[PDB]
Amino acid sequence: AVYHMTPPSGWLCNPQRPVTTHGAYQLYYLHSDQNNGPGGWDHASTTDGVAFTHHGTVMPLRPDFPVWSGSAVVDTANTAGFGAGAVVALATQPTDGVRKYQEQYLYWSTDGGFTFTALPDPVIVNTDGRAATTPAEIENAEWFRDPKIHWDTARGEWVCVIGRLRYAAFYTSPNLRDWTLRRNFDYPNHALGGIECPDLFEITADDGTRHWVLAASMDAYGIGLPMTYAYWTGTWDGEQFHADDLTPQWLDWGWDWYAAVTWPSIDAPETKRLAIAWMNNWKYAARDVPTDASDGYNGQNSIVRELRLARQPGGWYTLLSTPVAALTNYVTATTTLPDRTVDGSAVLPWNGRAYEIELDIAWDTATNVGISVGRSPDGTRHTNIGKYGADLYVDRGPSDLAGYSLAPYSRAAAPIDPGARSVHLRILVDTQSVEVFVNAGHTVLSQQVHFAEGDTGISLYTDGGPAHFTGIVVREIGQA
């Protein structure tokens, strides 16, 4: 990947919410030497959200004691007693290597999050596990992970949300060590998924109102929905979370945007948040990838995006997404191409493997319009991005690579007004991925695509009528 974070080597997995220290973002992420094997937390730093500097392991795997997802906060006020400004983290670990014993262990750092020390006794015990007898009880005790901590300014205390089987548990604490159980958060459509890597935060909307947001990585594929990140706007009152609407909204409609995490930006923590996700999907994550053979590593993170909460008619709010602005600083060349009308298909006179392409498409009677990226000159390979019916789709099927096929997960789609007769697209193409930001960023589709060396072309196509392709600009991107 030219501009997507990847591990120097090994298996990359769940990113952990970055903390801000030493004037930079300290990102942590699950890492293992063996693909889908046990591991711990590794560390990387980024000043702009694009380029990263890897620092190695920070919370190592220990004999039959791996470290799973969690979160870290800067104890500015020294509420935990490990020193003012100490970086305090909570992570799920299966005690004694026993899955039903998975509980939350605390780790702390006094050097801005570079080295950590472990607290021998877990701060949030899995009592369910030490009583689970029936299959149901055990299955439930085996889903108690990914603690996400948030400082509730209004109540002056720490609140933590933990993922369970189809529900989320909440705990509060004044010192990060002594936690008090609160009321679970239940949602009605369990076909949605069961809550992993939950997110909890406060953000101020474009109208100045403040809001809480509870989210989590799901798996609603069974009901035609994403396997990414869903969120419920609402309020946390210290006892329970009140979702404004029990039907959640989605942040990505692509195949690969899992275990996403968000964090407040440096320049505007209350209104703008940054977000990054592991670009993989458990339907096929456990396998070797092209990069394994070519570079000895497996997995990359998504591009970092900026989020903001916008008010909607009726009084509800929704998040909008956009590529981190800093990406612009890595643009090495900018190519504009003349507007053109095409009826059928046309190959653009440009080739590349890592770039961003923006364009507008307008049509009338056409029943399908789109653009193909990663097009091989032999015409057999390409990823299609277009509008059809009520879908703004991304079809990576024609890009399936022998020995690494992503089939049958080929056509992803975001909802789009079926009456739309034009659309704006901003597409980020890298060596192993395609990320599509639609229109104003309300819908985004992120997916890994295994492009071959020669998959460099771009073509335009329509079905059922001509379309006018305008404002075509391609920005080549170079790494650091």
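Position 1 is the first residue in the sequence shown; the rest follow in order.
S.K.: Going by the mean C-alpha B-factor recorded in the entry, which is higher: 137 to 145 or 314 to 322?
M.R.: The stretch with the larger mean CA B-factor is 137 to 145.
S.K.: Take the C-alpha B-factors listed in the entry for 256 to 264 and for 186 to 194, compute each mean, and give the stretch with the larger one.
M.R.: Here the higher of the two C-alpha B-factor means belongs to 186 to 194.
S.K.: Highest Cα temperature factor in the entry, among the options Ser372, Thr291, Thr334, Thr233: which one is it?
M.R.: Each of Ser372, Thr291, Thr334, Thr233 was compared by C-alpha B-factor; the highest is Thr291.
S.K.: Among the candidates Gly352, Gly379, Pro398, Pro120, give the one with the maximum CA B-factor reported in the record.
M.R.: The C-alpha B-factor peaks, among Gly352, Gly379, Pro398, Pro120, at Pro120.
S.K.: Select lowest, middle or highest to describe the third in which the CA B-factor of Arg17 falls within its chain in this entry.
M.R.: For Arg17, the deposited C-alpha B-factor lands in the lowest third.
S.K.: Tell me, lowest, middle or highest third: where does the Cα B factor of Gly457 rank within its chain?
M.R.: As the PDB entry reports it, the C-alpha B-factor of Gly457 lands in the lowest third of its chain.
S.K.: Split into thirds by Cα B-factor across the chain's modelled residues, where does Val58 land: lowest, middle or highest?
M.R.: Top third by C-alpha B-factor.
S.K.: Taking the entry's C-alpha B-factors for this chain, is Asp417 in the lowest, middle or highest third?
M.R.: Within its chain, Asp417 is a lowest-third residue by C-alpha B-factor, going by the deposited values.
S.K.: Which third, lowest, middle or highest, does the CA B-factor of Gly163 fall in along this chain?
M.R.: As the PDB entry reports it, the C-alpha B-factor of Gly163 lands in the middle third of its chain.
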